[PDB]
Structure formats: C-alpha cells, structure tokens
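Participant: My file is protein.pdb. It has PDB, C-alpha atoms:
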```
ATOM      1  CA  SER X   1      48.616  12.863  38.185  1.00  0.00           C
ATOM      2  CA  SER X   2      48.207  15.009  41.265  1.00  0.00           C
ATOM      3  CA  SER X   3      45.888  18.009  41.533  1.00  0.00           C
ATOM      4  CA  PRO X   4      43.493  17.176  38.674  1.00  0.00           C
ATOM      5  CA  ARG X   5      41.132  20.031  37.957  1.00  0.00           C
ATOM      6  CA  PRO X   6      37.998  18.450  39.532  1.00  0.00           C
ATOM      7  CA  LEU X   7      39.897  18.178  42.839  1.00  0.00           C
ATOM      8  CA  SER X   8      42.088  21.286  42.575  1.00  0.00           C
ATOM      9  CA  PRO X   9      40.834  23.952  40.138  1.00  0.00           C
ATOM     10  CA  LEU X  10      43.646  26.466  40.711  1.00  0.00           C
ATOM     11  CA  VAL X  11      47.035  25.913  39.133  1.00  0.00           C
ATOM     12  CA  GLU X  12      49.773  25.722  41.777  1.00  0.00           C
ATOM     13  CA  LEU X  13      52.251  28.585  41.704  1.00  0.00           C
ATOM     14  CA  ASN X  14      55.851  27.899  40.771  1.00  0.00           C
ATOM     15  CA  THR X  15      57.720  28.044  44.070  1.00  0.00           C
ATOM     16  CA  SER X  16      61.129  26.813  42.858  1.00  0.00           C
ATOM     17  CA  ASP X  17      64.142  29.143  43.043  1.00  0.00           C
ATOM     18  CA  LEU X  18      62.326  32.408  43.518  1.00  0.00           C
ATOM     19  CA  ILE X  19      65.573  34.384  43.333  1.00  0.00           C
ATOM     20  CA  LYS X  20      66.208  32.975  39.850  1.00  0.00           C
ATOM     21  CA  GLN X  21      62.591  33.682  38.873  1.00  0.00           C
ATOM     22  CA  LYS X  22      62.985  37.289  40.003  1.00  0.00           C
ATOM     23  CA  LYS X  23      66.261  37.671  38.091  1.00  0.00           C
ATOM     24  CA  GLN X  24      64.684  36.226  34.935  1.00  0.00           C
ATOM     25  CA  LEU X  25      61.643  38.503  35.274  1.00  0.00           C
ATOM     26  CA  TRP X  26      63.783  41.622  35.707  1.00  0.00           C
ATOM     27  CA  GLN X  27      65.834  40.656  32.622  1.00  0.00           C
ATOM     28  CA  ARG X  28      62.590  40.210  30.669  1.00  0.00           C
ATOM     29  CA  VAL X  29      61.175  43.546  31.839  1.00  0.00           C
ATOM     30  CA  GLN X  30      64.304  45.327  30.646  1.00  0.00           C
ATOM     31  CA  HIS X  31      64.575  43.413  27.389  1.00  0.00           C
ATOM     32  CA  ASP X  32      60.932  43.435  26.346  1.00  0.00           C
ATOM     33  CA  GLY X  33      60.196  47.026  27.359  1.00  0.00           C
ATOM     34  CA  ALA X  34      56.843  48.162  26.008  1.00  0.00           C
ATOM     35  CA  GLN X  35      56.334  44.789  24.292  1.00  0.00           C
ATOM     36  CA  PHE X  36      56.118  42.940  27.629  1.00  0.00           C
ATOM     37  CA  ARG X  37      52.989  40.782  27.714  1.00  0.00           C
ATOM     38  CA  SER X  38      51.589  38.195  30.087  1.00  0.00           C
ATOM     39  CA  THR X  39      50.931  34.723  28.663  1.00  0.00           C
ATOM     40  CA  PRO X  40      47.716  32.774  29.241  1.00  0.00           C
ATOM     41  CA  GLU X  41      49.604  30.588  31.715  1.00  0.00           C
ATOM     42  CA  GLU X  42      50.833  33.673  33.618  1.00  0.00           C
ATOM     43  CA  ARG X  43      47.285  35.044  33.764  1.00  0.00           C
ATOM     44  CA  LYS X  44      46.129  31.766  35.334  1.00  0.00           C
ATOM     45  CA  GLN X  45      49.044  31.980  37.785  1.00  0.00           C
ATOM     46  CA  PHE X  46      47.935  35.492  38.684  1.00  0.00           C
ATOM     47  CA  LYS X  47      44.406  34.151  39.281  1.00  0.00           C
ATOM     48  CA  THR X  48      45.843  31.637  41.750  1.00  0.00           C
ATOM     49  CA  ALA X  49      47.996  34.300  43.401  1.00  0.00           C
ATOM     50  CA  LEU X  50      45.069  36.634  43.958  1.00  0.00           C
ATOM     51  CA  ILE X  51      42.614  33.998  45.170  1.00  0.00           C
ATOM     52  CA  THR X  52      45.144  32.388  47.558  1.00  0.00           C
ATOM     53  CA  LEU X  53      46.765  35.617  48.786  1.00  0.00           C
ATOM     54  CA  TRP X  54      45.056  35.560  52.189  1.00  0.00           C
ATOM     55  CA  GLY X  55      45.371  31.845  52.872  1.00  0.00           C
ATOM     56  CA  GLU X  56      43.220  28.792  52.347  1.00  0.00           C
ATOM     57  CA  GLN X  57      40.211  29.869  54.392  1.00  0.00           C
ATOM     58  CA  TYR X  58      39.609  32.984  52.278  1.00  0.00           C
ATOM     59  CA  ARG X  59      39.686  31.264  48.885  1.00  0.00           C
ATOM     60  CA  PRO X  60      35.861  30.988  48.526  1.00  0.00           C
ATOM     61  CA  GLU X  61      35.396  34.717  49.266  1.00  0.00           C
ATOM     62  CA  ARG X  62      38.320  35.742  47.055  1.00  0.00           C
ATOM     63  CA  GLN X  63      37.113  33.526  44.224  1.00  0.00           C
ATOM     64  CA  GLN X  64      33.859  35.488  44.260  1.00  0.00           C
ATOM     65  CA  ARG X  65      35.853  38.726  44.288  1.00  0.00           C
ATOM     66  CA  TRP X  66      37.950  37.479  41.334  1.00  0.00           C
ATOM     67  CA  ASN X  67      34.828  36.538  39.363  1.00  0.00           C
ATOM     68  CA  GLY X  68      33.363  39.984  40.024  1.00  0.00           C
ATOM     69  CA  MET X  69      36.516  41.744  38.851  1.00  0.00           C
ATOM     70  CA  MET X  70      36.637  39.574  35.707  1.00  0.00           C
ATOM     71  CA  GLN X  71      33.017  40.440  34.933  1.00  0.00           C
ATOM     72  CA  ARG X  72      33.652  44.145  35.559  1.00  0.00           C
ATOM     73  CA  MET X  73      36.649  44.211  33.235  1.00  0.00           C
ATOM     74  CA  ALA X  74      35.012  42.150  30.472  1.00  0.00           C
ATOM     75  CA  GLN X  75      32.139  44.643  30.617  1.00  0.00           C
ATOM     76  CA  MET X  76      34.645  47.489  30.610  1.00  0.00           C
ATOM     77  CA  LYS X  77      36.294  46.207  27.437  1.00  0.00           C
ATOM     78  CA  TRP X  78      32.856  46.114  25.796  1.00  0.00           C
ATOM     79  CA  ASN X  79      31.883  49.620  26.953  1.00  0.00           C
ATOM     80  CA  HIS X  80      35.319  51.066  26.075  1.00  0.00           C
ATOM     81  CA  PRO X  81      36.231  49.439  22.767  1.00  0.00           C
ATOM     82  CA  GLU X  82      39.726  50.951  22.764  1.00  0.00           C
ATOM     83  CA  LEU X  83      40.386  48.316  25.450  1.00  0.00           C
ATOM     84  CA  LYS X  84      39.185  45.345  23.398  1.00  0.00           C
ATOM     85  CA  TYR X  85      42.704  43.963  22.884  1.00  0.00           C
ATOM     86  CA  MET X  86      43.477  44.002  26.609  1.00  0.00           C
ATOM     87  CA  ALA X  87      43.608  40.685  28.417  1.00  0.00           C
ATOM     88  CA  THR X  88      40.850  40.723  31.011  1.00  0.00           C
ATOM     89  CA  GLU X  89      43.149  39.414  33.745  1.00  0.00           C
ATOM     90  CA  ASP X  90      45.666  42.192  33.022  1.00  0.00           C
ATOM     91  CA  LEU X  91      42.926  44.761  33.652  1.00  0.00           C
ATOM     92  CA  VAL X  92      41.984  42.844  36.810  1.00  0.00           C
ATOM     93  CA  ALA X  93      45.609  43.235  37.911  1.00  0.00           C
ATOM     94  CA  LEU X  94      45.256  47.025  37.668  1.00  0.00           C
ATOM     95  CA  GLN X  95      42.148  46.911  39.824  1.00  0.00           C
ATOM     96  CA  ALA X  96      43.933  44.593  42.276  1.00  0.00           C
ATOM     97  CA  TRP X  97      46.843  47.030  42.419  1.00  0.00           C
ATOM     98  CA  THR X  98      44.454  49.648  43.817  1.00  0.00           C
ATOM     99  CA  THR X  99      43.474  47.345  46.712  1.00  0.00           C
ATOM    100  CA  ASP X 100      45.565  46.466  49.766  1.00  0.00           C
ATOM    101  CA  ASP X 101      47.012  43.607  47.668  1.00  0.00           C
ATOM    102  CA  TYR X 102      49.566  46.105  46.325  1.00  0.00           C
ATOM    103  CA  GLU X 103      51.940  45.376  49.203  1.00  0.00           C
ATOM    104  CA  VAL X 104      52.740  41.941  47.775  1.00  0.00           C
ATOM    105  CA  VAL X 105      53.961  43.366  44.476  1.00  0.00           C
ATOM    106  CA  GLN X 106      55.074  46.998  44.741  1.00  0.00           C
ATOM    107  CA  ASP X 107      58.675  46.100  45.645  1.00  0.00           C
ATOM    108  CA  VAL X 108      58.949  42.512  44.390  1.00  0.00           C
ATOM    109  CA  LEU X 109      61.561  43.375  41.712  1.00  0.00           C
ATOM    110  CA  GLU X 110      63.676  45.554  44.024  1.00  0.00           C
ATOM    111  CA  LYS X 111      67.203  44.192  44.242  1.00  0.00           C
ATOM    112  CA  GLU X 112      67.087  43.585  48.010  1.00  0.00           C
ATOM    113  CA  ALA X 113      63.462  42.413  48.270  1.00  0.00           C
ATOM    114  CA  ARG X 114      62.612  38.856  49.267  1.00  0.00           C
ATOM    115  CA  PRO X 115      60.532  37.644  46.298  1.00  0.00           C
ATOM    116  CA  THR X 116      57.347  35.664  46.615  1.00  0.00           C
ATOM    117  CA  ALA X 117      55.583  33.591  44.003  1.00  0.00           C
ATOM    118  CA  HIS X 118      52.438  35.646  44.580  1.00  0.00           C
ATOM    119  CA  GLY X 119      54.246  38.928  44.010  1.00  0.00           C
ATOM    120  CA  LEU X 120      55.969  37.741  40.847  1.00  0.00           C
ATOM    121  CA  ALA X 121      52.674  36.497  39.397  1.00  0.00           C
ATOM    122  CA  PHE X 122      50.955  39.808  40.205  1.00  0.00           C
ATOM    123  CA  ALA X 123      53.880  41.739  38.697  1.00  0.00           C
ATOM    124  CA  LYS X 124      53.680  40.061  35.289  1.00  0.00           C
ATOM    125  CA  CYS X 125      50.039  40.982  34.798  1.00  0.00           C
ATOM    126  CA  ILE X 126      50.372  44.560  36.068  1.00  0.00           C
ATOM    127  CA  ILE X 127      53.391  45.184  33.831  1.00  0.00           C
ATOM    128  CA  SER X 128      51.563  43.616  30.891  1.00  0.00           C
ATOM    129  CA  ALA X 129      48.540  45.825  31.535  1.00  0.00           C
ATOM    130  CA  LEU X 130      50.619  48.996  31.749  1.00  0.00           C
ATOM    131  CA  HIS X 131      52.435  48.326  28.491  1.00  0.00           C
ATOM    132  CA  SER X 132      49.352  47.157  26.594  1.00  0.00           C
ATOM    133  CA  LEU X 133      47.020  50.055  27.514  1.00  0.00           C
ATOM    134  CA  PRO X 134      46.605  52.284  24.443  1.00  0.00           C
ATOM    135  CA  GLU X 135      48.464  55.567  24.259  1.00  0.00           C
ATOM    136  CA  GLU X 136      45.417  57.676  25.122  1.00  0.00           C
ATOM    137  CA  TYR X 137      45.827  56.325  28.681  1.00  0.00           C
ATOM    138  CA  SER X 138      49.271  57.950  28.970  1.00  0.00           C
ATOM    139  CA  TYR X 139      49.440  61.067  31.117  1.00  0.00           C
ATOM    140  CA  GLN X 140      51.621  63.974  30.002  1.00  0.00           C
ATOM    141  CA  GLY X 141      52.165  66.232  32.985  1.00  0.00           C
ATOM    142  CA  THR X 142      53.663  66.429  36.442  1.00  0.00           C
ATOM    143  CA  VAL X 143      52.470  63.739  38.852  1.00  0.00           C
ATOM    144  CA  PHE X 144      52.767  63.767  42.633  1.00  0.00           C
ATOM    145  CA  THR X 145      53.846  61.149  45.148  1.00  0.00           C
ATOM    146  CA  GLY X 146      54.496  60.988  48.857  1.00  0.00           C
ATOM    147  CA  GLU X 147      55.960  58.018  50.764  1.00  0.00           C
ATOM    148  CA  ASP X 148      57.479  57.492  54.190  1.00  0.00           C
ATOM    149  CA  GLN X 149      60.919  56.287  53.113  1.00  0.00           C
ATOM    150  CA  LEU X 150      64.204  56.807  54.927  1.00  0.00           C
ATOM    151  CA  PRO X 151      66.983  59.089  53.685  1.00  0.00           C
ATOM    152  CA  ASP X 152      69.316  56.192  52.829  1.00  0.00           C
ATOM    153  CA  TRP X 153      66.501  54.557  50.853  1.00  0.00           C
ATOM    154  CA  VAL X 154      66.342  57.684  48.731  1.00  0.00           C
ATOM    155  CA  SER X 155      70.074  58.063  48.188  1.00  0.00           C
ATOM    156  CA  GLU X 156      70.453  54.391  47.223  1.00  0.00           C
ATOM    157  CA  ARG X 157      67.920  54.934  44.420  1.00  0.00           C
ATOM    158  CA  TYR X 158      68.023  58.618  43.355  1.00  0.00           C
ATOM    159  CA  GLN X 159      70.922  60.981  42.729  1.00  0.00           C
ATOM    160  CA  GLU X 160      70.780  64.498  41.291  1.00  0.00           C
ATOM    161  CA  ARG X 161      71.808  64.573  37.608  1.00  0.00           C
ATOM    162  CA  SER X 162      71.647  60.755  37.359  1.00  0.00           C
ATOM    163  CA  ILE X 163      69.111  58.426  35.767  1.00  0.00           C
ATOM    164  CA  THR X 164      67.103  56.181  38.080  1.00  0.00           C
ATOM    165  CA  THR X 165      65.943  52.909  36.568  1.00  0.00           C
ATOM    166  CA  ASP X 166      63.064  52.285  38.960  1.00  0.00           C
ATOM    167  CA  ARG X 167      62.554  48.657  39.967  1.00  0.00           C
ATOM    168  CA  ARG X 168      59.329  49.493  41.824  1.00  0.00           C
ATOM    169  CA  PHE X 169      55.742  49.895  40.772  1.00  0.00           C
ATOM    170  CA  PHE X 170      55.842  53.650  41.307  1.00  0.00           C
ATOM    171  CA  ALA X 171      52.494  55.317  41.928  1.00  0.00           C
ATOM    172  CA  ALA X 172      51.591  58.974  41.667  1.00  0.00           C
ATOM    173  CA  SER X 173      48.545  61.234  41.465  1.00  0.00           C
ATOM    174  CA  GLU X 174      47.550  63.650  38.704  1.00  0.00           C
ATOM    175  CA  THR X 175      46.277  65.946  41.464  1.00  0.00           C
ATOM    176  CA  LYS X 176      48.098  67.293  44.502  1.00  0.00           C
ATOM    177  CA  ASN X 177      45.234  66.917  46.919  1.00  0.00           C
ATOM    178  CA  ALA X 178      45.462  68.055  50.493  1.00  0.00           C
ATOM    179  CA  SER X 179      46.436  65.066  52.606  1.00  0.00           C
ATOM    180  CA  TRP X 180      46.228  64.392  56.296  1.00  0.00           C
ATOM    181  CA  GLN X 181      49.916  63.450  56.604  1.00  0.00           C
ATOM    182  CA  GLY X 182      52.921  65.378  55.384  1.00  0.00           C
ATOM    183  CA  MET X 183      55.122  62.679  53.946  1.00  0.00           C
ATOM    184  CA  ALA X 184      58.836  62.167  54.614  1.00  0.00           C
ATOM    185  CA  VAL X 185      59.669  61.948  50.879  1.00  0.00           C
ATOM    186  CA  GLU X 186      57.804  63.714  48.094  1.00  0.00           C
ATOM    187  CA  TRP X 187      58.231  63.533  44.349  1.00  0.00           C
ATOM    188  CA  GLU X 188      57.262  65.695  41.401  1.00  0.00           C
ATOM    189  CA  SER X 189      57.657  63.453  38.348  1.00  0.00           C
ATOM    190  CA  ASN X 190      57.146  64.507  34.757  1.00  0.00           C
ATOM    191  CA  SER X 191      55.216  61.744  33.053  1.00  0.00           C
ATOM    192  CA  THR X 192      55.265  60.997  29.352  1.00  0.00           C
ATOM    193  CA  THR X 193      53.822  57.468  29.254  1.00  0.00           C
ATOM    194  CA  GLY X 194      52.802  56.884  32.874  1.00  0.00           C
ATOM    195  CA  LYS X 195      49.363  55.326  32.629  1.00  0.00           C
ATOM    196  CA  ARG X 196      46.131  56.677  34.080  1.00  0.00           C
ATOM    197  CA  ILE X 197      44.422  53.854  35.957  1.00  0.00           C
ATOM    198  CA  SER X 198      41.480  55.731  37.511  1.00  0.00           C
ATOM    199  CA  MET X 199      39.148  53.886  35.106  1.00  0.00           C
ATOM    200  CA  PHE X 200      40.173  50.563  36.734  1.00  0.00           C
ATOM    201  CA  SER X 201      40.647  51.617  40.340  1.00  0.00           C
ATOM    202  CA  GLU X 202      38.510  50.646  43.299  1.00  0.00           C
ATOM    203  CA  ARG X 203      38.831  54.271  44.453  1.00  0.00           C
ATOM    204  CA  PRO X 204      37.190  56.095  41.512  1.00  0.00           C
ATOM    205  CA  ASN X 205      37.670  59.509  43.156  1.00  0.00           C
ATOM    206  CA  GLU X 206      41.452  59.094  42.761  1.00  0.00           C
ATOM    207  CA  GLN X 207      43.502  60.023  39.657  1.00  0.00           C
ATOM    208  CA  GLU X 208      46.346  57.503  39.957  1.00  0.00           C
ATOM    209  CA  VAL X 209      49.174  57.197  37.447  1.00  0.00           C
ATOM    210  CA  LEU X 210      51.266  54.017  37.680  1.00  0.00           C
ATOM    211  CA  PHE X 211      54.736  53.381  36.290  1.00  0.00           C
ATOM    212  CA  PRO X 212      56.088  49.842  35.892  1.00  0.00           C
ATOM    213  CA  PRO X 213      59.471  48.536  36.999  1.00  0.00           C
ATOM    214  CA  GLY X 214      61.911  49.471  34.280  1.00  0.00           C
ATOM    215  CA  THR X 215      60.730  53.069  33.987  1.00  0.00           C
ATOM    216  CA  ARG X 216      63.643  55.485  33.659  1.00  0.00           C
ATOM    217  CA  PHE X 217      63.687  58.919  35.268  1.00  0.00           C
ATOM    218  CA  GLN X 218      66.202  61.710  34.869  1.00  0.00           C
ATOM    219  CA  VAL X 219      66.561  63.097  38.403  1.00  0.00           C
ATOM    220  CA  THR X 220      66.957  66.845  38.029  1.00  0.00           C
ATOM    221  CA  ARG X 221      66.908  68.029  41.633  1.00  0.00           C
ATOM    222  CA  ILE X 222      66.692  66.716  45.173  1.00  0.00           C
ATOM    223  CA  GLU X 223      65.695  69.296  47.788  1.00  0.00           C
ATOM    224  CA  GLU X 224      66.538  68.718  51.445  1.00  0.00           C
ATOM    225  CA  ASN X 225      64.579  70.129  54.374  1.00  0.00           C
ATOM    226  CA  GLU X 226      64.960  69.794  58.129  1.00  0.00           C
ATOM    227  CA  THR X 227      61.263  68.852  58.474  1.00  0.00           C
ATOM    228  CA  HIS X 228      58.937  66.983  56.134  1.00  0.00           C
ATOM    229  CA  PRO X 229      59.442  66.506  53.313  1.00  0.00           C
ATOM    230  CA  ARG X 230      62.996  65.648  54.356  1.00  0.00           C
ATOM    231  CA  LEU X 231      63.658  64.909  50.677  1.00  0.00           C
ATOM    232  CA  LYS X 232      61.780  66.196  47.640  1.00  0.00           C
ATOM    233  CA  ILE X 233      62.704  64.585  44.329  1.00  0.00           C
ATOM    234  CA  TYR X 234      62.154  66.290  40.975  1.00  0.00           C
ATOM    235  CA  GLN X 235      62.492  63.876  38.086  1.00  0.00           C
ATOM    236  CA  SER X 236      61.460  63.492  34.465  1.00  0.00           C
ATOM    237  CA  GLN X 237      60.524  60.272  32.700  1.00  0.00           C
ATOM    238  CA  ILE X 238      62.771  59.486  29.754  1.00  0.00           C
ATOM    239  CA  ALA X 239      62.735  56.942  26.962  1.00  0.00           C
TER     240      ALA X 239
END
```
Can you turn what I pasted into structure tokens?
Facilitator:
Amino acid sequence: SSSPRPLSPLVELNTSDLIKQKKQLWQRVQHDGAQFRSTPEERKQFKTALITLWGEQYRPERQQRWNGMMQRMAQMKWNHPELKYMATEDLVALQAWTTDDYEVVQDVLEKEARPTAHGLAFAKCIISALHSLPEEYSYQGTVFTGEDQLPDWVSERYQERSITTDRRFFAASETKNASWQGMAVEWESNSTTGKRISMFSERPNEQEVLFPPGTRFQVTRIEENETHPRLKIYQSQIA
C-alpha cells in the first residue's frame, strides 16, 4: 500500500539485481534488433529516472523540464506527421541524450560498466526511439567522432578486419567541424541506418547521428600516430 499516487506520483525505479537487469537488457537489444520498443511502464520509469537524476531537491525543477520536453515532442509529432507513431517519451529520450544527462547512459550496457537503474531506464527509451524513427531519419554517409579514450580502450573494442558489436550509444556528426581540441581517438564511420537526431537536439546547430548499442561495424583500418589522434578508426556499419 506504500507510495500511493497522491503521496508519491513517480513510480519507483527497479533497483534489484542491476547486473541481471543489464544482462537481460543486452540480450533483448540483440534479440529484438530493430523491433526493440519501450513499453508504457518503461516510459514511466524513464520519466522517474530523468526527474530524479539530480537528487530529491531538483525534482520540482526537473519535473518542469520534463513537462516542457513532453510538450515540445507532442507538438513535434503534430508538426511532423511522419513521427506520429513515435512514443512521446522516446522522443524526449533523444532530447535528453543531447543534454549532460548522456553520461548516465552512454556506457550503461558496456560489459565492464557499473549499471544504474537510471541509466538502464534511459537506455530503453533511447534505443526504442532510434529503432522506431522512420527510415527517412537514417543517414547514409561518413560520420565523424572524436573521444578522449585510451589505447587499450580502443584495442579491447576495435580490431582491424574484425566486426565490432558496439555496446555503447555511439555518437557522431554529419559534419567535420573545426574543433578546439584535437581528440586522442577519431573515427570515420560509414552509416547506413544511423539516425539523424538534430531535429530533437537541444543544440540545433549540431548534426548528430546516434547509433544504439547492438550496432555492428566492420572495422576496415586503424591508423596509429605518435600525436593526436593516437588512433583513427575507419569502420562501416553492417547489417
């Protein structure tokens, strides 16, 4: 009888055996592929995760933020009828991905990551959004990424002539803009179904393409340099 809605309007996140939850989610991602979809219950869990992400004292502010994102995305579905089958909370997840909230979810399905309930809830709605966006949101072209990862991080995940099944939310840009920092690792990735999320982003001047965990890349070449980029990865998305 605890936490009735008039006293506690957010559903509590499932905190039991997070390692098992992460294993079950990764199995589902691989099995469901492009048919992965968040359930109504998972969308409500994602609502709790987002509103509570900063702790109790920020829930009133983050509730207002949540309401504003929901309104923006409901309006977006109306103004862009190709999106009318999207779940509003899945679109909100794409907007949330483009905020600083991304750190809770980017790596949550990595084998060695410590999972959190918040990250797992975010992940389900982002993955659902990416696989439910219509095909006109897919980008066909080379997309660009830079990250400050260590050499062993790269070699644990990418090998020339091998297929990487990426467990990360892997972000890239359609454009290779000048940047203030030369990154330790760069990628050139050929996208076939990577999804353009600029329409949903909080940084509308960006042209971000986002791949979900489970994306497969044929790694064709890894270049080494003595200075940045220490590693440059050339890879191509495959079915």
Participant: Suppose a student applies the PyMOL selection byres ((chain X and resi 107-113) around 10) to this structure; what residues should they get, written as an mmCIF file with C-alpha atoms, in the coordinates of the input?
Facilitator:
```cif
data_model
loop_
_atom_site.group_PDB
_atom_site.id
_atom_site.type_symbol
_atom_site.label_atom_id
_atom_site.label_comp_id
_atom_site.auth_asym_id
_atom_site.auth_seq_id
_atom_site.Cartn_x
_atom_site.Cartn_y
_atom_site.Cartn_z
ATOM 1 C CA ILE X 19 65.573 34.384 43.333
ATOM 2 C CA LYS X 22 62.985 37.289 40.003
ATOM 3 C CA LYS X 23 66.261 37.671 38.091
ATOM 4 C CA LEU X 25 61.643 38.503 35.274
ATOM 5 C CA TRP X 26 63.783 41.622 35.707
ATOM 6 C CA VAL X 29 61.175 43.546 31.839
ATOM 7 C CA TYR X 102 49.566 46.105 46.325
ATOM 8 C CA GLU X 103 51.940 45.376 49.203
ATOM 9 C CA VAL X 104 52.740 41.941 47.775
ATOM 10 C CA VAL X 105 53.961 43.366 44.476
ATOM 11 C CA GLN X 106 55.074 46.998 44.741
ATOM 12 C CA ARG X 114 62.612 38.856 49.267
ATOM 13 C CA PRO X 115 60.532 37.644 46.298
ATOM 14 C CA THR X 116 57.347 35.664 46.615
ATOM 15 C CA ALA X 117 55.583 33.591 44.003
ATOM 16 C CA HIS X 118 52.438 35.646 44.580
ATOM 17 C CA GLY X 119 54.246 38.928 44.010
ATOM 18 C CA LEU X 120 55.969 37.741 40.847
ATOM 19 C CA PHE X 122 50.955 39.808 40.205
ATOM 20 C CA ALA X 123 53.880 41.739 38.697
ATOM 21 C CA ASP X 166 63.064 52.285 38.960
ATOM 22 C CA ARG X 167 62.554 48.657 39.967
ATOM 23 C CA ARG X 168 59.329 49.493 41.824
ATOM 24 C CA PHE X 169 55.742 49.895 40.772
ATOM 25 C CA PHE X 170 55.842 53.650 41.307
ATOM 26 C CA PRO X 213 59.471 48.536 36.999
ATOM 27 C CA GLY X 214 61.911 49.471 34.280
#
```
Participant: Mind telling me what the PyMOL selection byres ((chain X and resi 196-206) around 9) catches here, as a ChimeraX atom specification?
Facilitator: /X:73,76,91-92,94-99,130,137-139,173-175,194-195,207-210
Participant: At what distance in Å, to one decimal, does CA of residue 192 (chain X) lie from CA of residue 143 (chain X)?
Facilitator: 10.3 Å
Participant: What's the separation between CA of residue 127 (chain X) and CA of residue 145 (chain X), in Å to one decimal place?
Facilitator: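 One can read the CA of residue 127 (chain X) to CA of residue 145 (chain X) distance as 19.6 Å.
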Participant: Using only C-alpha atoms, which of the listed residues (X:218, X:190, X:164, X:88) sits closest to residue 38 (chain X)?
Facilitator: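 Checking each candidate against residue 38 (chain X), we get X:88 as the closest.
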Participant: Using all atoms listed in the file, find the one residue out of X:10, X:129, X:69, X:150 that sits nearest to residue 90 (chain X).
Facilitator: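 Selected residue with least distance to residue 90 (chain X): X:129.
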Participant: Find the distance between CA of residue 24 (chain X) and CA of residue 133 (chain X) and write it in Å to one decimal.
Facilitator: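 One can read the CA of residue 24 (chain X) to CA of residue 133 (chain X) distance as 23.6 Å.
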Participant: Just say which residues the PyMOL selection byres ((chain X and resi 11) around 8) picks in this file, as a PyMOL selection string.
Facilitator: chain X and resi 8-10+12-13+44-45+48
Participant: Please supply region 11-26 of chain X, rebuilt with N, CA, C and O atoms, as an mmCIF file, keeping the file's coordinate frame.
Facilitator:
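Output contents, as saved in selection_4.cif:
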```cif
data_model
loop_
_atom_site.group_PDB
_atom_site.id
_atom_site.type_symbol
_atom_site.label_atom_id
_atom_site.label_comp_id
_atom_site.auth_asym_id
_atom_site.auth_seq_id
_atom_site.Cartn_x
_atom_site.Cartn_y
_atom_site.Cartn_z
ATOM 1 N N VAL X 11 45.694 26.385 39.434
ATOM 2 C CA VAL X 11 47.035 25.913 39.133
ATOM 3 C C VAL X 11 47.965 26.330 40.266
ATOM 4 O O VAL X 11 47.887 27.455 40.767
ATOM 5 N N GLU X 12 48.826 25.412 40.708
ATOM 6 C CA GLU X 12 49.773 25.722 41.777
ATOM 7 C C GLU X 12 50.795 26.727 41.255
ATOM 8 O O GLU X 12 51.182 26.693 40.087
ATOM 9 N N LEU X 13 51.194 27.666 42.101
ATOM 10 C CA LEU X 13 52.251 28.585 41.704
ATOM 11 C C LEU X 13 53.604 27.902 41.708
ATOM 12 O O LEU X 13 53.874 27.012 42.511
ATOM 13 N N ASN X 14 54.470 28.367 40.819
ATOM 14 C CA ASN X 14 55.851 27.899 40.771
ATOM 15 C C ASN X 14 56.619 28.496 41.941
ATOM 16 O O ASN X 14 56.860 29.709 41.993
ATOM 17 N N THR X 15 57.013 27.644 42.869
ATOM 18 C CA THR X 15 57.720 28.044 44.070
ATOM 19 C C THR X 15 59.211 27.757 44.008
ATOM 20 O O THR X 15 59.908 28.000 45.004
ATOM 21 N N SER X 16 59.727 27.224 42.895
ATOM 22 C CA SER X 16 61.129 26.813 42.858
ATOM 23 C C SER X 16 62.023 27.985 42.458
ATOM 24 O O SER X 16 61.692 28.754 41.551
ATOM 25 N N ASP X 17 63.128 28.118 43.184
ATOM 26 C CA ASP X 17 64.142 29.143 43.043
ATOM 27 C C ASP X 17 63.547 30.491 42.699
ATOM 28 O O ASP X 17 63.650 30.969 41.563
ATOM 29 N N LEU X 18 62.958 31.112 43.713
ATOM 30 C CA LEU X 18 62.326 32.408 43.518
ATOM 31 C C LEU X 18 63.335 33.502 43.191
ATOM 32 O O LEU X 18 63.006 34.460 42.479
ATOM 33 N N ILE X 19 64.561 33.396 43.696
ATOM 34 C CA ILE X 19 65.573 34.384 43.333
ATOM 35 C C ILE X 19 65.882 34.313 41.837
ATOM 36 O O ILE X 19 65.984 35.343 41.157
ATOM 37 N N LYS X 20 66.002 33.098 41.291
ATOM 38 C CA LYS X 20 66.208 32.975 39.850
ATOM 39 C C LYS X 20 64.991 33.470 39.075
ATOM 40 O O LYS X 20 65.132 34.129 38.038
ATOM 41 N N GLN X 21 63.780 33.168 39.556
ATOM 42 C CA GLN X 21 62.591 33.682 38.873
ATOM 43 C C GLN X 21 62.592 35.199 38.825
ATOM 44 O O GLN X 21 62.222 35.798 37.812
ATOM 45 N N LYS X 22 62.948 35.836 39.936
ATOM 46 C CA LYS X 22 62.985 37.289 40.003
ATOM 47 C C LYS X 22 64.042 37.848 39.057
ATOM 48 O O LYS X 22 63.793 38.824 38.339
ATOM 49 N N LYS X 23 65.228 37.227 39.021
ATOM 50 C CA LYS X 23 66.261 37.671 38.091
ATOM 51 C C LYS X 23 65.782 37.549 36.651
ATOM 52 O O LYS X 23 65.939 38.488 35.858
ATOM 53 N N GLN X 24 65.171 36.405 36.298
ATOM 54 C CA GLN X 24 64.684 36.226 34.935
ATOM 55 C C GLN X 24 63.583 37.235 34.597
ATOM 56 O O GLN X 24 63.529 37.767 33.475
ATOM 57 N N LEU X 25 62.682 37.517 35.551
ATOM 58 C CA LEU X 25 61.643 38.503 35.274
ATOM 59 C C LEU X 25 62.241 39.888 35.041
ATOM 60 O O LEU X 25 61.858 40.592 34.096
ATOM 61 N N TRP X 26 63.184 40.302 35.885
ATOM 62 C CA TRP X 26 63.783 41.622 35.707
ATOM 63 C C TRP X 26 64.503 41.723 34.363
ATOM 64 O O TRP X 26 64.412 42.747 33.683
#
```
